[PDB]
């Protein structure tokens, strides 16, 4: 993979002399990352439905939570590893497979903080001849042939750091504001501000614009890095971009503002 990005784009038209507020806020921009609530992951196993019908959720488990089975008959029957989010082993164990367990299973990982979705499909087939039990690749997914009544383990492993409870060093979060003046292509944007979570601001370029640009650094703690431009001039027109790279999530966040300054009649 090269990059994963969350991008939002907006058109802003404001009268000259008024104030511009370019809102840039995200839970990723909250520096003190709660290892509990900012690390909520969920795994759930789904089973294919009937012809053209809806899938059925069998069991799910949130990180730092206990597994939940949705059919009371399947309690103590479908098992996840309680250490799944520590080692990255999200495999599903069926204690005794019957015909009602045949179908295509999906193992689904969701990172609610990092906006990451992962899915793996496994087809389970029940045989009444134990000699025919086997596992093979069908061209797109693993196929597991299991003797009726036997336990079956469908393997789902993802050991990437974002799914496990392994944490690298929490480095400094920096938020960048860029600007493209009218008629300047992308990749040639000029930096406007570097905004550090600890409160430091590094200004760039024009001293005739810096005096009207401001941020509220007391709102950095809640992930708000919005840009404020006072006394809007025609020269303020352009494409403003707020962007951040989140190391743990492996995620680029980008908010783009096409700002137009009008003049009253």
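Positions refer to the first chain, counted from 1.
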Got a sec? Mean C-alpha B-factor, which is higher, 219-227 or 52-60?
-> 52-60
Which has higher Cα B-factors on average according to the PDB entry: 25-33 or 40-48?
-> 25-33
Highest Cα B-factor in the PDB entry belongs to which of 117, 76, 125, 190?
-> 76
Identify, among 148, 167, 176, 179, the residue whose C-alpha carries the highest B-factor in the deposited PDB entry.
-> 167
Going by the recorded CA B-factors, say which third of the chain residue 241 sits in, lowest, middle or highest.
-> lowest
Rank-wise, by C-alpha B-factor, drop residue 4 into the lowest, middle or highest third of its chain.
-> middle
Among modelled residues of the same chain, the CA temperature factor third for residue 203 | lowest
Relative to the other modelled residues of the same chain, rank the CA B-factor of residue 110 and answer lowest, middle or highest third.
-> lowest
Position of residue 256 among the chain's modelled residues by C-alpha B-factor, lowest, middle or highest third = lowest
